[PDB]
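Numbers restart at 1 for each chain; the letters A, B, ... are given by sequence-line order, proteins then strands. Atoms considered below: every heavy atom in the structure, side chains included; atoms not considered: hydrogens, waters and symmetry mates. As the structure lists them, so they are numbered: ligands from 1, and atoms in each ligand from 1.
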Number of protein chains: 2
Amino acid sequence: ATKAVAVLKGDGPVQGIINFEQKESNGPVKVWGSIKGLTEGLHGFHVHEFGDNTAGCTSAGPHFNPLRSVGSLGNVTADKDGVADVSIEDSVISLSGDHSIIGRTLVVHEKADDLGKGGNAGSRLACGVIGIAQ
Amino acid sequence: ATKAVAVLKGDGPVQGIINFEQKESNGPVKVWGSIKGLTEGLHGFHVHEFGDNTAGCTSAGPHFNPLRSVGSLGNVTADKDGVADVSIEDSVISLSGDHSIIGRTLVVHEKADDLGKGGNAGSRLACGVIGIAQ
Ligand SMILES: [Cu+2]
Ligand SMILES: [Cu+2]
């Protein structure tokens, strides 16, 4: 596909809408949107393997790792008002092929992803299946 | 993918969980599950174009159809207690390729689909994005 969207919903104040767009088949995917209701600071932002909402965020499974994982988008950053303004360009994920995240689940975490440099990401606050958008 | 699921939800009492499984990459897709809260009788059952939940079932767009539409899955049948136990096999939709319904929306309608043989489907009661399942 060319465009997609994930509506992030959970049991709490955290919610948001994240859009995805990829023009070239093997080109980067632009990810942008906003999430609010967050504790100030960094929050793990990943694509988890299953777009299964039968138990909400709980049935999403582990990170998408077709074989950091392909689903690891890093962190989003919430300001003191609890809002994270998202704008990313990623060339590992795709909206088509073996790396397609279409039909999988976008998750924002309670904690930061230390990305392997914690010098020594918690629960899934809000999640959404990634669907093909207009 | 080889398996998928959609959780149907809407404004009213109609709820359901529908599973999909496709053994061979180009083979038929088996659809099964249950839906409750429906009026006895036939109810249009289709895959709509977009897996966009930003505006309920309204943002799902039209019937999925790459060239009955590809997206039409016929009707489901609610029994006298409003339960539609679903069991369908379809060789036109797929879980990969140009006819993939992954990332799109499954919708159960208020009225029957006449399938072009009405002798001369209404509102969207519930819907859910179709996601990859384990
Ligand atoms: Cu995660
Ligand atoms: Cu329809």
Side-chain angles (χ1 to χ4, degrees), chain A residues 6 8 10 14 16 18 31 35 38 42-52 56-65 68-76 84 86 88 90 92-93 101 104-116 118 121-130, chain B residues 6 8 10 14 16 18 31 35 38 42-52 56-65 69-76 84 86 88 90 92-93 101 104-116 118 121-130:
Chain A
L8 296 178
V14 178
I18 295 293
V31 189
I35 311 166
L38 293 165
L42 305 173
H43 290 273
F45 194 49
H46 318 126
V47 172
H48 285 234
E49 187 181 357
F50 309 111
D52 182 332
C57 288
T58 308
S59 31
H63 288 179
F64 171 45
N65 176 26
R68 287 181 268 127
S69 64
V70 162
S72 190
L73 292 177
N75 288 297
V76 304
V86 176
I88 293 163
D90 187 285
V92 172
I93 55 175
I101 55 168
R104 299 190 187 279
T105 299
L106 185 62
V107 179
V108 55
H109 291 264
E110 164 215 353
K111 316 222 301 174
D113 183 332
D114 67 19
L115 305 177
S123 86
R124 310 183 183 156
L125 295 168
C127 63
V129 183
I130 300 161
Chain B
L8 301 176
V14 176
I18 299 300
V31 191
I35 312 177
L38 297 157
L42 310 179
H43 287 273
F45 196 53
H46 323 136
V47 175
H48 285 235
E49 182 161 25
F50 311 106
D52 188 331
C57 301
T58 301
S59 46
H63 287 181
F64 171 50
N65 192 41
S69 44
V70 165
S72 178
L73 280 172
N75 285 292
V76 294
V86 185
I88 294 169
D90 187 289
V92 177
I93 57 162
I101 60 171
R104 299 194 188 275
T105 299
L106 178 70
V107 175
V108 55
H109 293 267
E110 184 174 72
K111 307 159 84 169
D113 194 324
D114 67 20
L115 320 157
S123 74
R124 309 187 178 176
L125 306 185
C127 56
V129 178
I130 299 169

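Paired with B:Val70 under the rule side-chain contact (heavy atoms from CB on, under 4.5 Å), one option of B:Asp90, B:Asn65, B:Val47 passes, and it is B:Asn65.
B:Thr105 and B:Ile130 make their closest contact through C-CD1, 4.2 Å (heavy atoms, listed as atom of the first residue, atom of the second, distance). Between B:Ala84 and B:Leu38, the shortest heavy-atom contact is CB-CD1, 3.8 Å. When all heavy atoms of B:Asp113 and B:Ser72 are compared, the closest pair comes out as OD2-OG, 3.6 Å.
Looking at A:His43, its side chain never comes within 3.5 Å of a backbone N or O of A:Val76 through a donor-acceptor pair.
Rounding to the nearest 0.5 angstrom, the gap separating the CD1 atom in A:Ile93 from the CD1 atom in A:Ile88 is 8.0 Å.
Protein contacts to the Cu ion (ligand 1) involving N, O or S atoms at a distance below 2.8 Å are A:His46 ND1, A:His48 NE2, A:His63 NE2, A:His109 NE2.
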